[PDB]
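Following: one structure in structure tokens, then a few remarks.
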Amino acid sequence: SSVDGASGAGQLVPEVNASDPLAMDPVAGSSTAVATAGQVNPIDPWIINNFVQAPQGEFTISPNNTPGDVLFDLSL
Amino acid sequence: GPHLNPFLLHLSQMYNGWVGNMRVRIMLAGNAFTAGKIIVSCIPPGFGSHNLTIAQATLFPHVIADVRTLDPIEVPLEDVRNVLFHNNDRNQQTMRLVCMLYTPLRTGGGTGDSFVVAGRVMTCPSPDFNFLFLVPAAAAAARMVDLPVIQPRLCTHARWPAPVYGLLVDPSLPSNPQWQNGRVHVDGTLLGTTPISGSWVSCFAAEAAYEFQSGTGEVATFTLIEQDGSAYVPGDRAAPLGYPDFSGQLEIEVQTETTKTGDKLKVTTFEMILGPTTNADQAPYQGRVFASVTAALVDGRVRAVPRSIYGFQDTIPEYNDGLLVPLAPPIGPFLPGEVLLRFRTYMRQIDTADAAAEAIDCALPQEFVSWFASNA
Amino acid sequence: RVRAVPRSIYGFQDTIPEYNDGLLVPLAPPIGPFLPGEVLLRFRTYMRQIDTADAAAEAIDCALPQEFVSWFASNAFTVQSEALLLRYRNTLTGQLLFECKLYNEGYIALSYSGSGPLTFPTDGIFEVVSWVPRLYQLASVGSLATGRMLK
Amino acid sequence: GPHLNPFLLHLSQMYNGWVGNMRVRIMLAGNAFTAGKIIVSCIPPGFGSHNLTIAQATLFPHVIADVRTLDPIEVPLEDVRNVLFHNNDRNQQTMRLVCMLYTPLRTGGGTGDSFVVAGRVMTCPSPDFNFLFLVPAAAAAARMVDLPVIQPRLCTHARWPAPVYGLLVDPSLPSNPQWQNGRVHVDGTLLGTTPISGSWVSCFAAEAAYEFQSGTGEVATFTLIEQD
Amino acid sequence: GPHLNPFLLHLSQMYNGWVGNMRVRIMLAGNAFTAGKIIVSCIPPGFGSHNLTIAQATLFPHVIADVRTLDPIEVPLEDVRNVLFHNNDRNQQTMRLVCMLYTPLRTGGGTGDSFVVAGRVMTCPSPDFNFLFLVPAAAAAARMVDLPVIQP
Amino acid sequence: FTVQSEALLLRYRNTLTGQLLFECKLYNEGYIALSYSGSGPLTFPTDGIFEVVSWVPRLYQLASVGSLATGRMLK
């Protein structure tokens with residue numbers, strides 16, 4: 001699906017982003033609700049791995065933008 | 001579908017079914033100095049043709065390629081089927097491939113805005129593909145119809161021998177005229193007295209003589225022949241070819257027929273009455289009409305051409321003296337609100353202290369008459 | 001504003017008028033060429049010529065009837081060689097009257113040796129042929145008795 | 001040749017060569033009350049088209065079948081070659097099959113002379129057959145020219161507005177006339193002053209007035225316009 | 001279709017749908033004095049209606065036979081399908097068996113022109129054939145009004 | 001009767017001679033139409049039987065027959 005121009009991008013841009021891990025512990029999923037929710041409804045496995053464009057899927061950076069400007073604010 | 005590949009396409013006309021997968025290759029032509037991505041989405045049959053967002057295009061199994069790619073992008077065009085195989089139908093909906101620009105093309109360097117990334121698409125079946133049942137060969141019939149690119153004002157009129165001068169519609173005129181000249185079908189079927197040559201239009205040829213019923217030889221009796229000199233026989237049209245298909249009083253000029261250089265010529269003018277009136281002789285259909293020497297010279301074989309009209313009325317003459325006669329049908333029908341397109345020219349009408357132009361219409365210019373009779 | 005139509009001719013000569021008062025003018029070229037022994041097929045009609053104590057028919061010829069003029073301008077056919085072989089035939093009786101060459105430049109030739117206007121029946125249909133190179137030799141006409149015995 | 005089979009034929013337009021053998025089947029339709037034989041001879045390429053005697057037809061590898069045969073007669077059409085394979089040429093001469101009547105058809109019974117033995121020929125390539133090189137697709141251009149079936153005496157004259165009356169040739173007239181009307185090429189190119197409508201022929205339109213050079217206004221001055 | 005066999009046809013009125021192949025047998029056996037051949041070709045559903053020439057018929061899987069052949073020719077009518085099975089509507093297009101005269105028929109001998117070859121066609125379903133859904137047998141009304149033959 | 005569409009196609013025929021005189025439309029609402037352009041009462045033989053047809057939509061085009069003149073050529 002994803003084909004980054006690595007092959008022909010020369011080496012002018014960085015491929016992977018080198019960054020320190022998130023200062024945050026992992027959080028549990030469904031395991032919590034299992035006992036008190038009336039039902040635990042599973043979803044189509046095909047959705048489980050497809051990275052699809054979110055409804056808040058676009059944003060733009062321009063030289064008019066000034067640091068601090070919010071490009072997008074996603075709420076879980 | 002087989003239509004994607006000319007070879008397969010040609011073959012489809014020999015078998016009545018098919019199943020299989022094709023392989024698609026997209027190839028882009030770009031420098032290392034460009035940027036921008038494209039996205040190809042595989043759309044299943046039974047979806048719809050509604051427009052999408054690049055974001056939405058991502059929701060389908062897809063491939064996003066960067067413009068700089070050198071190697072061809074291969075994408076499998078899979079035969080997602082609801083049935084066992086396909087029978088040649090338009091009802092059959094197949095797998096689709098939609099390609100959209102994902103990120104804007106940004107060329108660097110001394111940016112020549114004439115610069116564009118060209119793309120080419122190629123396919124080929126895979127070993128899965130197979131045609132199904134052997135059915136007769138190919139071939140069919142045709143073809144089509146065209147019209148000649150001649151403007152109306154460069155055309156010849158089909159009911160009075162003059163150029164076409166006017167192009168109009170006019171709801172207050174008779175809507176379903178029973179014109180005998182200038183009639184042909186698109187298929188080439190000539191109707192009525194319609195001649196091929198516009199020089200024949202509103203003209204006749206005859207053997208001419210002066211009988212003596214009254215006994216005062218002012219009346220020419222014309223035994224009609226066809227204008228190419230052949231014999232006229234009452235048949236399956238109203239009169240000899242091109243004979244006038246309207247009424248009133250026609251002034252004709254009658255000249256000795258021209259057969260060879262040196263044929264001495266006589267030329268007389270007559271008035272002939274085209275309409276029904278009245279106790280009452282004249283039957284072009286039977287081959288016999290009378291004109292009178294506008295006394296109000298010529299005989300043997302003659303040719304008569306129209307000089308002016310007096311009291312024109314655009315209704316058909318009485319061709320067969322009261323009896324039924326063969327006629328092209330009234331023009332029509334028309335849907336509600338539809339009216340006849342008229343090609344128009346002008347006859348000289350006389351008076352009698354005053355000659356003035358008088359309009360006469362026809363359904364196609366003679367060039368279109370000839371065109372259809374010839375193309376069949 | 002007026003329209004002028006021809007009524008008769010006096011002293012006809014079938015040469016072109018002086019269109020541009022002495023100066024060169026744009027002209028379709030002379031009809032031709034023809035192979036040796038080939039002559040132009042003429043479609044003919046008669047003008048009223050006047051006199052002046054005497055009107056008499058006068059012949060005037062042209063290379064194709066107007067219907068064929070309109071036919072070609074309308075079809076815009078693709079031409080594939082230098083002329084078309086045509087047969088003139090009586091479709092009623094079936095009789096072939098002659099063969100002829102319709103050159104692509106729009107004029108028809110027959111091979112005929114006579115001297116000698118030769119006239120044909122006007123009833124009278126033309127059929128294509130072939131394409132036909134320009135040096136195609138036609139069967140002649142006029143001619144006269146061609147049978148021949150072993151003797 | 002591929003031309004024998006419409007499928008193959010259609011395919012030949014995609015490849016530039018071929019080699020192989022076809023299989024031929026002749027099928028006759030007759031009663032048990034008939035008689036007569038047919039002979040099929042295999043003629044090699046590079047022979048000639050000269051006519052033969054039934055006796056001579058025998059000199060070639062042949063098959064003689066009796067009209068009463070029910071089963072189809074199969075004869076192998078072999079690709080006798082001088083070269084490795086065939087390139088689409090008319091220079092390529094191939095194996096030929098000539099069929100002739102060997103013995104006269106004699107029908108018995110209440111002999112209905114309307115009776116005839118019908119024959120049908122069918123072919124099909126054999127696994128030996130193969131096309132050679134993949135070359136562009138098919139297609140071309142055209143087409144042709146026809147004339148309208150209108151007799152001359154039903155036609156309109158192109159230089160004087162009258163019917164056509166005469167059709168002739170006349171070697172004593174000017175042989176190369178410079179006619180400006182009635183000129184068109186077969187391709188549709190109109191020449192000269194040639195109009196489309198025969199009502200335009202030998203006619204003009206103008207604005208008309210009476211100037212006074214002499215000063216005795218008998219002369220109309222016509223400033224010409226086109227007739228439309 | 002079931003309409004090719006009298007028994008099946010009767011059962012058809014009771015079921016909605018079917019799938020399967022048929023076994024067809026055409027019978028000929030003219031005098032030893034007659035000569036002539038016929039051609040039977042199978043036409044795939046989806047081809048449509050077209051007037052076929054004898055030569056066109058050859059393009060389809062075919063069989064040719066001499067009118068004198070004693071033993072009946074057996075031809076399997078295969079159920080070429082695009083879908084899983086059939087229903088009893090007009091939306092269905094099945095395979096066809098067209099039989100045409102291949103060569104002119106001509107009797108020899110003391111030709112009694114009253115002589116024509118009388119052919120017979122017989123069929124029976126292949127064991128693959130099956131009817132599908134049980135349905136209210138019937139539904140073939142046809143109330144066609146008429147006028148009395150009285151002159152004005 | 002049960003009616004199944006908008007009109008019935010009928011032929012008027014001479015059953016004696018066999019001759020078909022015309023075709024016509026019997027509309028379900030109980031009146032008969034012919035296509036005829038004349039102006040012009042046109043009269044028919046009264047001996048004279050009608051036969052159904054078809055059903056027939058209401059826009060069914062009848063044969064006018066009648067102009068018994070085919071007036072033209074061809075060849």
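Letters for chains follow the order of the structure tokens (A, B, ...), residue numbers begin at 1 for each chain, and ligand numbers begin at 1 in the order shown.
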>> Just want the 6 Å neighbourhood of residue 41 of chain C, counted on only C-alpha atoms, with same-chain residues fewer than 6 positions away dropped. Output as a list in words.
In response: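 After dropping sequence-adjacent residues, the list is residues 108 and 109 of chain C; 168 and 169 of chain D.
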Dump of C-alpha atoms for the selected residues, as a CSV table (one decimal), in the first residue's frame:
```csv
chain,number,residue,atom,x,y,z
C,108,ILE,CA,-14.1,11.3,-67.8
C,109,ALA,CA,-12.2,10.0,-70.8
D,168,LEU,CA,-21.3,12.3,-76.2
D,169,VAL,CA,-17.6,12.6,-77.2
```
>> Neighbouring residues of residue 28 of chain D were defined as those with any atom within 12 Å, considering only C-alpha atoms; residues of the same chain fewer than 2 positions away were excluded. Please report them as a ChimeraX atom specification.
In response: /D:25-26,30-31,34,36-38,65-74,116-122 /E:35-38,64-67,102-104
>> List as an NGL selection string the protein and nucleic acid residues near residue 3 of chain F, meaning an atom at most 12 Å away when only C-alpha atoms are counted, but skip any in the same chain fewer than 3 places from it.
In response: (:E and (142-146)) or (:F and (6-8 or 26-30 or 54-56))
> Can you list, as a list in words, every protein, DNA or RNA residue that comes within 10 Å of segment 7-10 of chain A when you count only C-alpha atoms, leaving out same-chain residues fewer than 4 positions away?
Replying inline: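 The residues that qualify are residues 3, 14 and 15 of chain A; 30, 31, 32, 33, 34, 35, 66, 67, 68, 69, 70 and 71 of chain B.
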Could you list, as an mmCIF file with N, CA, C and O atoms, in the first residue's frame, every residue of chain B that has an atom within 9 Å of an atom of chain F, counting only C-alpha atoms?
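File iface.cif, as written:
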```cif
data_model
loop_
_atom_site.group_PDB
_atom_site.id
_atom_site.type_symbol
_atom_site.label_atom_id
_atom_site.label_comp_id
_atom_site.auth_asym_id
_atom_site.auth_seq_id
_atom_site.Cartn_x
_atom_site.Cartn_y
_atom_site.Cartn_z
ATOM 1 N N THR B 189 -34.752 6.453 -50.860
ATOM 2 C CA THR B 189 -36.008 6.254 -51.577
ATOM 3 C C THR B 189 -36.611 7.573 -52.047
ATOM 4 O O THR B 189 -37.131 8.407 -51.222
ATOM 5 N N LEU B 190 -36.592 7.765 -53.358
ATOM 6 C CA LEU B 190 -37.202 8.953 -53.923
ATOM 7 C C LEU B 190 -38.705 8.844 -53.943
ATOM 8 O O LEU B 190 -39.232 7.813 -54.314
ATOM 9 N N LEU B 191 -39.436 9.905 -53.657
ATOM 10 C CA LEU B 191 -40.866 9.820 -53.727
ATOM 11 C C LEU B 191 -41.453 10.761 -54.731
ATOM 12 O O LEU B 191 -40.831 11.695 -55.169
ATOM 13 N N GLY B 192 -42.703 10.536 -55.068
ATOM 14 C CA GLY B 192 -43.415 11.534 -55.859
ATOM 15 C C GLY B 192 -42.797 11.707 -57.228
ATOM 16 O O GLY B 192 -42.365 10.741 -57.869
ATOM 17 N N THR B 193 -42.789 12.945 -57.709
ATOM 18 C CA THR B 193 -42.299 13.176 -59.070
ATOM 19 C C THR B 193 -40.833 13.629 -58.963
ATOM 20 O O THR B 193 -40.340 14.155 -59.950
ATOM 21 N N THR B 194 -40.194 13.457 -57.757
ATOM 22 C CA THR B 194 -38.867 14.067 -57.396
ATOM 23 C C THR B 194 -37.794 13.697 -58.457
ATOM 24 O O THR B 194 -37.522 12.524 -58.604
ATOM 25 N N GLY B 235 -47.726 5.851 -64.367
ATOM 26 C CA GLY B 235 -47.103 4.809 -63.494
ATOM 27 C C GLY B 235 -47.460 5.022 -62.008
ATOM 28 O O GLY B 235 -48.610 5.401 -61.659
ATOM 29 N N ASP B 236 -46.455 4.802 -61.164
ATOM 30 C CA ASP B 236 -46.551 4.962 -59.743
ATOM 31 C C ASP B 236 -46.053 6.282 -59.141
ATOM 32 O O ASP B 236 -45.441 6.252 -58.054
ATOM 33 N N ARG B 237 -46.385 7.397 -59.817
ATOM 34 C CA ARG B 237 -46.160 8.783 -59.366
ATOM 35 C C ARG B 237 -47.123 9.599 -60.266
ATOM 36 O O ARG B 237 -47.709 9.062 -61.240
ATOM 37 N N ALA B 238 -47.264 10.869 -59.942
ATOM 38 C CA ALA B 238 -48.406 11.688 -60.404
ATOM 39 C C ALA B 238 -48.227 12.243 -61.772
ATOM 40 O O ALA B 238 -49.179 12.775 -62.407
ATOM 41 N N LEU B 324 -58.471 9.132 -58.372
ATOM 42 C CA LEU B 324 -57.321 8.929 -57.512
ATOM 43 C C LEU B 324 -56.006 8.916 -58.314
ATOM 44 O O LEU B 324 -55.955 8.380 -59.412
ATOM 45 N N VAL B 325 -54.911 9.430 -57.730
ATOM 46 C CA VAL B 325 -53.606 9.349 -58.386
ATOM 47 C C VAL B 325 -52.422 8.988 -57.459
ATOM 48 O O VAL B 325 -52.411 9.333 -56.302
ATOM 49 N N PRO B 326 -51.370 8.328 -57.970
ATOM 50 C CA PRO B 326 -50.345 8.028 -56.932
ATOM 51 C C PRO B 326 -49.592 9.298 -56.395
ATOM 52 O O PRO B 326 -49.105 10.031 -57.209
ATOM 53 N N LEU B 327 -49.473 9.492 -55.065
ATOM 54 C CA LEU B 327 -48.965 10.759 -54.444
ATOM 55 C C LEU B 327 -47.997 10.420 -53.326
ATOM 56 O O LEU B 327 -48.231 9.445 -52.599
ATOM 57 N N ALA B 328 -46.903 11.185 -53.164
ATOM 58 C CA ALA B 328 -46.078 10.976 -51.963
ATOM 59 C C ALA B 328 -47.025 11.459 -50.841
ATOM 60 O O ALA B 328 -47.881 12.307 -51.094
ATOM 61 N N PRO B 329 -46.891 10.919 -49.599
ATOM 62 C CA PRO B 329 -47.914 11.305 -48.567
ATOM 63 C C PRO B 329 -47.744 12.731 -48.007
ATOM 64 O O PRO B 329 -46.740 13.314 -48.209
ATOM 65 N N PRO B 330 -48.731 13.299 -47.296
ATOM 66 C CA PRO B 330 -48.396 14.577 -46.641
ATOM 67 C C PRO B 330 -47.142 14.481 -45.771
ATOM 68 O O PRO B 330 -46.859 13.416 -45.132
#
```
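Of the residues in segment 19-144 of chain C, those given alpha helix (DSSP H) by DSSP on the backbone are residues 66, 67, 68, 69, 70, 71, 72, 73, 74 and 75 of chain C.
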>> as JSON, numbers by chain, please: the residues near residue 50 of chain F (cut-off 12 Å, only C-alpha atoms, same-chain neighbours under 2 positions excluded).
In response: {"E": [146, 147, 148, 149, 150, 151, 152], "F": [8, 9, 10, 11, 12, 13, 14, 15, 20, 21, 22, 23, 24, 25, 26, 32, 46, 47, 48, 52, 53]}
>> Neighbouring residues of residue 186 of chain D were defined as those with any atom within 10 Å, considering only C-alpha atoms; residues of the same chain fewer than 6 positions away were excluded. Please report them as number ranges by chain.
In response: C: 68-69, 71-73, 75-79, 83-84, 102-107; D: 145
Per-residue nearest contacts of chain D to chain B (8 Å; only C-alpha atoms) as a Markdown table:
```
| residue | atom | partner | partner_atom | distance |
| --- | --- | --- | --- | --- |
| D:6 | CA | B:137 | CA | 7.1 |
| D:7 | CA | B:137 | CA | 7.3 |
| D:10 | CA | B:10 | CA | 7.9 |
| D:14 | CA | B:7 | CA | 7.8 |
| D:137 | CA | B:6 | CA | 7.1 |
| D:147 | CA | B:374 | CA | 6.9 |
| D:148 | CA | B:374 | CA | 4.0 |
| D:149 | CA | B:374 | CA | 6.6 |
| D:150 | CA | B:196 | CA | 6.9 |
| D:152 | CA | B:228 | CA | 7.7 |
| D:153 | CA | B:228 | CA | 3.8 |
| D:154 | CA | B:196 | CA | 5.7 |
| D:155 | CA | B:197 | CA | 3.9 |
| D:156 | CA | B:197 | CA | 3.6 |
| D:157 | CA | B:199 | CA | 6.6 |
| D:161 | CA | B:199 | CA | 5.6 |
| D:162 | CA | B:199 | CA | 4.3 |
| D:163 | CA | B:199 | CA | 4.5 |
| D:164 | CA | B:228 | CA | 7.2 |
| D:165 | CA | B:228 | CA | 5.6 |
| D:166 | CA | B:259 | CA | 7.2 |
| D:195 | CA | B:154 | CA | 6.5 |
| D:196 | CA | B:155 | CA | 5.5 |
| D:197 | CA | B:156 | CA | 3.6 |
| D:198 | CA | B:156 | CA | 5.2 |
| D:199 | CA | B:162 | CA | 4.3 |
| D:200 | CA | B:163 | CA | 5.4 |
| D:227 | CA | B:153 | CA | 6.9 |
| D:228 | CA | B:153 | CA | 3.8 |
```
Keeping only C-alpha atoms, take the residues you just selected and write them out as a PDB file, in the first residue's frame.
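Generated output (result04.pdb):
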```
ATOM      1  CA  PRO D   6     -11.434 -16.956 -39.745  1.00  0.00           C
ATOM      2  CA  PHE D   7     -10.080 -17.304 -36.222  1.00  0.00           C
ATOM      3  CA  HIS D  10      -8.094 -12.609 -37.412  1.00  0.00           C
ATOM      4  CA  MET D  14      -1.196  -9.615 -34.707  1.00  0.00           C
ATOM      5  CA  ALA D 137      -2.431  -4.781 -33.616  1.00  0.00           C
ATOM      6  CA  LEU D 147     -21.369   6.801 -57.979  1.00  0.00           C
ATOM      7  CA  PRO D 148     -25.175   7.357 -57.659  1.00  0.00           C
ATOM      8  CA  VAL D 149     -27.356   5.330 -60.022  1.00  0.00           C
ATOM      9  CA  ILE D 150     -28.932   8.376 -61.723  1.00  0.00           C
ATOM     10  CA  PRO D 152     -27.777  11.296 -67.447  1.00  0.00           C
ATOM     11  CA  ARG D 153     -31.223  12.372 -68.832  1.00  0.00           C
ATOM     12  CA  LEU D 154     -32.581  12.588 -65.280  1.00  0.00           C
ATOM     13  CA  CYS D 155     -29.645  14.973 -64.316  1.00  0.00           C
ATOM     14  CA  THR D 156     -29.109  18.688 -63.883  1.00  0.00           C
ATOM     15  CA  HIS D 157     -26.565  20.410 -66.163  1.00  0.00           C
ATOM     16  CA  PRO D 161     -29.335  25.771 -65.779  1.00  0.00           C
ATOM     17  CA  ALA D 162     -31.256  23.166 -67.758  1.00  0.00           C
ATOM     18  CA  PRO D 163     -31.672  19.389 -67.733  1.00  0.00           C
ATOM     19  CA  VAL D 164     -28.911  17.324 -69.361  1.00  0.00           C
ATOM     20  CA  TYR D 165     -30.216  16.176 -72.752  1.00  0.00           C
ATOM     21  CA  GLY D 166     -27.060  14.693 -74.470  1.00  0.00           C
ATOM     22  CA  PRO D 195     -21.516  26.126 -56.902  1.00  0.00           C
ATOM     23  CA  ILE D 196     -23.276  23.426 -54.911  1.00  0.00           C
ATOM     24  CA  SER D 197     -26.791  24.187 -56.177  1.00  0.00           C
ATOM     25  CA  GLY D 198     -27.673  23.820 -59.801  1.00  0.00           C
ATOM     26  CA  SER D 199     -30.013  26.877 -59.388  1.00  0.00           C
ATOM     27  CA  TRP D 200     -26.829  28.950 -59.024  1.00  0.00           C
ATOM     28  CA  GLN D 227     -26.135  34.392 -54.567  1.00  0.00           C
ATOM     29  CA  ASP D 228     -26.915  33.365 -50.907  1.00  0.00           C
TER      30      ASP D 228
END
```
Chain E residues near chain B within 10 Å, closest pair each, using only C-alpha atoms, as CSV:
```
residue,atom,partner,partner_atom,distance
E:41,CA,B:135,CA,9.9
E:42,CA,B:135,CA,8.7
E:43,CA,B:135,CA,6.9
E:44,CA,B:16,CA,6.7
E:45,CA,B:16,CA,7.9
E:46,CA,B:87,CA,6.5
E:47,CA,B:16,CA,6.7
E:52,CA,B:136,CA,8.9
E:55,CA,B:136,CA,9.2
E:56,CA,B:136,CA,5.8
E:57,CA,B:136,CA,6.9
E:58,CA,B:136,CA,7.5
E:59,CA,B:136,CA,4.3
E:60,CA,B:135,CA,4.9
E:61,CA,B:134,CA,7.1
E:80,CA,B:133,CA,8.9
E:81,CA,B:84,CA,8.2
E:82,CA,B:85,CA,5.8
E:83,CA,B:83,CA,5.6
E:84,CA,B:83,CA,7.5
```
Quick one: write out the picked residues with N, CA, C and O atoms as a PDB file, in the first residue's frame?
```pdb
ATOM      1  N   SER E  41     -26.178 -27.370 -34.197  1.00  0.00           N
ATOM      2  CA  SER E  41     -25.163 -26.587 -33.520  1.00  0.00           C
ATOM      3  C   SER E  41     -25.702 -26.082 -32.196  1.00  0.00           C
ATOM      4  O   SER E  41     -26.894 -25.791 -32.068  1.00  0.00           O
ATOM      5  N   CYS E  42     -24.825 -26.021 -31.207  1.00  0.00           N
ATOM      6  CA  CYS E  42     -25.188 -25.553 -29.885  1.00  0.00           C
ATOM      7  C   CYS E  42     -24.796 -24.102 -29.788  1.00  0.00           C
ATOM      8  O   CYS E  42     -23.649 -23.741 -30.044  1.00  0.00           O
ATOM      9  N   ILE E  43     -25.761 -23.265 -29.441  1.00  0.00           N
ATOM     10  CA  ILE E  43     -25.520 -21.844 -29.334  1.00  0.00           C
ATOM     11  C   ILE E  43     -25.598 -21.406 -27.885  1.00  0.00           C
ATOM     12  O   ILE E  43     -26.619 -21.590 -27.221  1.00  0.00           O
ATOM     13  N   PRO E  44     -24.508 -20.820 -27.379  1.00  0.00           N
ATOM     14  CA  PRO E  44     -24.383 -20.331 -26.008  1.00  0.00           C
ATOM     15  C   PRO E  44     -25.333 -19.215 -25.649  1.00  0.00           C
ATOM     16  O   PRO E  44     -25.632 -18.343 -26.465  1.00  0.00           O
ATOM     17  N   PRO E  45     -25.865 -19.254 -24.427  1.00  0.00           N
ATOM     18  CA  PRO E  45     -26.778 -18.196 -24.016  1.00  0.00           C
ATOM     19  C   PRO E  45     -25.958 -16.916 -23.957  1.00  0.00           C
ATOM     20  O   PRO E  45     -24.799 -16.935 -23.531  1.00  0.00           O
ATOM     21  N   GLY E  46     -26.524 -15.825 -24.455  1.00  0.00           N
ATOM     22  CA  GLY E  46     -25.813 -14.560 -24.444  1.00  0.00           C
ATOM     23  C   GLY E  46     -25.396 -14.120 -25.831  1.00  0.00           C
ATOM     24  O   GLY E  46     -24.904 -13.000 -26.015  1.00  0.00           O
ATOM     25  N   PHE E  47     -25.593 -15.003 -26.804  1.00  0.00           N
ATOM     26  CA  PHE E  47     -25.252 -14.717 -28.187  1.00  0.00           C
ATOM     27  C   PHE E  47     -26.338 -13.841 -28.791  1.00  0.00           C
ATOM     28  O   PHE E  47     -26.066 -12.859 -29.499  1.00  0.00           O
ATOM     29  N   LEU E  52     -28.449 -17.205 -38.822  1.00  0.00           N
ATOM     30  CA  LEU E  52     -27.202 -17.879 -39.119  1.00  0.00           C
ATOM     31  C   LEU E  52     -27.218 -18.512 -40.487  1.00  0.00           C
ATOM     32  O   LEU E  52     -28.242 -19.022 -40.930  1.00  0.00           O
ATOM     33  N   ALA E  55     -22.749 -21.784 -43.019  1.00  0.00           N
ATOM     34  CA  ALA E  55     -21.333 -21.629 -42.712  1.00  0.00           C
ATOM     35  C   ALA E  55     -21.082 -21.091 -41.307  1.00  0.00           C
ATOM     36  O   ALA E  55     -20.056 -21.384 -40.696  1.00  0.00           O
ATOM     37  N   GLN E  56     -22.007 -20.277 -40.809  1.00  0.00           N
ATOM     38  CA  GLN E  56     -21.888 -19.699 -39.476  1.00  0.00           C
ATOM     39  C   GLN E  56     -22.078 -20.803 -38.464  1.00  0.00           C
ATOM     40  O   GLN E  56     -21.375 -20.867 -37.464  1.00  0.00           O
ATOM     41  N   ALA E  57     -23.039 -21.678 -38.739  1.00  0.00           N
ATOM     42  CA  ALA E  57     -23.352 -22.795 -37.859  1.00  0.00           C
ATOM     43  C   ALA E  57     -22.122 -23.630 -37.551  1.00  0.00           C
ATOM     44  O   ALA E  57     -21.996 -24.187 -36.465  1.00  0.00           O
ATOM     45  N   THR E  58     -21.199 -23.683 -38.499  1.00  0.00           N
ATOM     46  CA  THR E  58     -19.978 -24.447 -38.339  1.00  0.00           C
ATOM     47  C   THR E  58     -19.108 -23.899 -37.216  1.00  0.00           C
ATOM     48  O   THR E  58     -18.398 -24.644 -36.544  1.00  0.00           O
ATOM     49  N   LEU E  59     -19.195 -22.597 -36.992  1.00  0.00           N
ATOM     50  CA  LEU E  59     -18.406 -21.930 -35.969  1.00  0.00           C
ATOM     51  C   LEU E  59     -18.781 -22.329 -34.553  1.00  0.00           C
ATOM     52  O   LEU E  59     -18.018 -22.122 -33.613  1.00  0.00           O
ATOM     53  N   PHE E  60     -19.976 -22.871 -34.392  1.00  0.00           N
ATOM     54  CA  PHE E  60     -20.411 -23.307 -33.081  1.00  0.00           C
ATOM     55  C   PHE E  60     -20.144 -24.788 -32.989  1.00  0.00           C
ATOM     56  O   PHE E  60     -20.001 -25.459 -34.008  1.00  0.00           O
ATOM     57  N   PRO E  61     -20.006 -25.315 -31.767  1.00  0.00           N
ATOM     58  CA  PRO E  61     -19.764 -26.750 -31.631  1.00  0.00           C
ATOM     59  C   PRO E  61     -20.936 -27.398 -32.356  1.00  0.00           C
ATOM     60  O   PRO E  61     -22.094 -27.101 -32.061  1.00  0.00           O
ATOM     61  N   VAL E  80     -25.087 -24.406 -19.900  1.00  0.00           N
ATOM     62  CA  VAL E  80     -24.087 -23.377 -19.672  1.00  0.00           C
ATOM     63  C   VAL E  80     -24.744 -22.302 -18.835  1.00  0.00           C
ATOM     64  O   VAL E  80     -25.791 -21.756 -19.194  1.00  0.00           O
ATOM     65  N   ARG E  81     -24.122 -22.008 -17.706  1.00  0.00           N
ATOM     66  CA  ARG E  81     -24.675 -21.042 -16.793  1.00  0.00           C
ATOM     67  C   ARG E  81     -23.705 -20.023 -16.302  1.00  0.00           C
ATOM     68  O   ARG E  81     -22.537 -20.299 -16.067  1.00  0.00           O
ATOM     69  N   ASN E  82     -24.252 -18.844 -16.088  1.00  0.00           N
ATOM     70  CA  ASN E  82     -23.520 -17.713 -15.578  1.00  0.00           C
ATOM     71  C   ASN E  82     -23.788 -17.663 -14.079  1.00  0.00           C
ATOM     72  O   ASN E  82     -22.946 -17.246 -13.291  1.00  0.00           O
ATOM     73  N   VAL E  83     -24.974 -18.137 -13.705  1.00  0.00           N
ATOM     74  CA  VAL E  83     -25.438 -18.175 -12.324  1.00  0.00           C
ATOM     75  C   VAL E  83     -25.570 -19.609 -11.816  1.00  0.00           C
ATOM     76  O   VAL E  83     -25.501 -20.564 -12.593  1.00  0.00           O
ATOM     77  N   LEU E  84     -25.837 -19.748 -10.523  1.00  0.00           N
ATOM     78  CA  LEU E  84     -25.952 -21.053  -9.895  1.00  0.00           C
ATOM     79  C   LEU E  84     -27.058 -21.943 -10.430  1.00  0.00           C
ATOM     80  O   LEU E  84     -26.890 -23.157 -10.504  1.00  0.00           O
TER      81      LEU E  84
END
```
>> So that I can see what lies close to residue 82 of chain D, please list as a ChimeraX atom specification the residues with an atom at most 12 Å from it, counting only C-alpha atoms and leaving out residues fewer than 5 positions away in the same chain.
In response: /D:19,44-46,92-95
